[PDB]
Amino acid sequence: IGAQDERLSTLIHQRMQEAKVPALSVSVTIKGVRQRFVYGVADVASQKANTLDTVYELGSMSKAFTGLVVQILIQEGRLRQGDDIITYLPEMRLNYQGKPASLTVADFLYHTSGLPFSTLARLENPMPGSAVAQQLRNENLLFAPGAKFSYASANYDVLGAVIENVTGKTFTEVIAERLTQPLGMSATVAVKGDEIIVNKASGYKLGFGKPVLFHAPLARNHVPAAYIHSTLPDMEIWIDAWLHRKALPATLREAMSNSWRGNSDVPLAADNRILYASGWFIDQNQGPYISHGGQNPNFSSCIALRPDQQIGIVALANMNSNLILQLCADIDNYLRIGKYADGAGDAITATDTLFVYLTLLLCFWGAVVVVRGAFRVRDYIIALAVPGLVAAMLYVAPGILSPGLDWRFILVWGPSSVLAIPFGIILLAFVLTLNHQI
């Protein structure tokens, strides 16, 4: 062989410096020749380095593990795609137009279920003795099952429970017995909680311009959608199984083939005719190009394969960034035509700089009132009610402007600077009524 590609290393350094992720691990496969780029720190405080041993949360790239398991179960005749979900989760009643709806296993595999957006807030919150069927019971679907593609993370939590019901085994054990042990992915695992994982990267999240350590929720029921843990050597083996199925058992080979068959039975938009398969996006354009991003509150990742060209790309990072969600598109552009686009924008970054300006704008306002005021019973009670009256209005405001949304969800996904905005808003109300009391 020969050296790794330096134009390729520059791209990734640039994207990593843009995205401000503490650690970034990328692997690129092109017909056996793997290139590896392993940069940064898995833990910033201890200055613990990013190594090949570092473990990441895969985000939505967990769904291809879940979905392939479903396809193994189907291929062994222990399940059908058209089976009704209530056959396996019999307490899950899901409503469309007031009537219980028929949802097939296919409906959750391909996001044609109609679960509202707020099911992500419900599944991602830990609840110890609460099953998925009980958490979604009496949800009001957005459309008739099968009618539209609409991505909801929680559809793959429904499938986690379906695996658990069919096999009689826990989700961890089906993933191990069926995927990671037969493939050799000896460091990958579906977790059961926030128990201590050796070598896991610390997760970060933008706050006042810098990465801030964030301990994110890890709800057991949400692991089939968001919290399978893995490493770069193991995603390389993953990538390589999907690309070379000959050595694999015939059930795994067949299950894989049916895992890349996109659902063509949904409406398509004028600019998006990409299909969804069993945890993958399918694009015939400059393809087939099979891809999926990973996006957790404090990890992001991406994967993309171009099987006819023996190409696999995967990137892992311990911070949620769109520069990483797009990084596989960048690398595939580079491997295809030698050029790539400028880095896209990031929604957490724009929100953070907005909150910094608003925090300085709130902080400039209070100092004006305190300087002009200091230079110059009923007072204590009245000037304490108004800040608590705004604090009350602020607390109810999410669950009104967007039903099903709440501060707990805002805090989990937004910048660490969110909390400055209500606290700034209510603190500014106290100094003004105390000043208006003066």
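The numbering used is simple: start at 1 and walk along the sequence shown.
When you step from residue 376 to residue 377 in this entry, do you jump over none, 1 to 3, 4 to 9, or 10 or more residues of the deposited sequence that have no coordinates?
In the deposited sequence, 10 or more residues between these two have no coordinates.
Comparing 186 to 194 with 279 to 287, which stretch shows the greater average C-alpha B-factor in the deposited entry?
Looking at the recorded C-alpha B-factors, 186 to 194 comes out higher on average.
Look over 218 to 226 and 129 to 137 in the entry and identify the one with the greater average Cα temperature factor.
That would be 129 to 137.
Can you tell me which of 23, 425, 19, 12 has the maximum CA B-factor listed in the PDB entry?
Comparing C-alpha B-factors across 23, 425, 19, 12, the top value belongs to 425.
For the listed 42, 382, 69, 58, which has the peak Cα B-factor recorded in the PDB entry?
That would be 382, according to the entry.
Looking at the temperature factor on the CA atom of residue 157, which third of the chain's modelled residues does it land in?
Its C-alpha B-factor, which the entry lists for residue 157, ranks in the lowest third among residues of this chain.
Determine, from the deposited record, the chain-internal third of the Cα B-factor for residue 63: lowest, middle or highest.
Its C-alpha B-factor belongs to the lowest third of this chain's values.
Lowest, middle or highest third: where is residue 297 by C-alpha B factor in its chain?
Answer is middle: the recorded C-alpha B-factor places it there.
How does the C-alpha B factor of residue 27 compare with the rest of the chain: lowest, middle or highest third?
Residue 27: CA B-factor falls in the lowest third of its chain.
By the recorded C-alpha temperature factor, relative to the other modelled residues in its chain, which third is residue 355 in?
For residue 355, the deposited C-alpha B-factor lands in the highest third.
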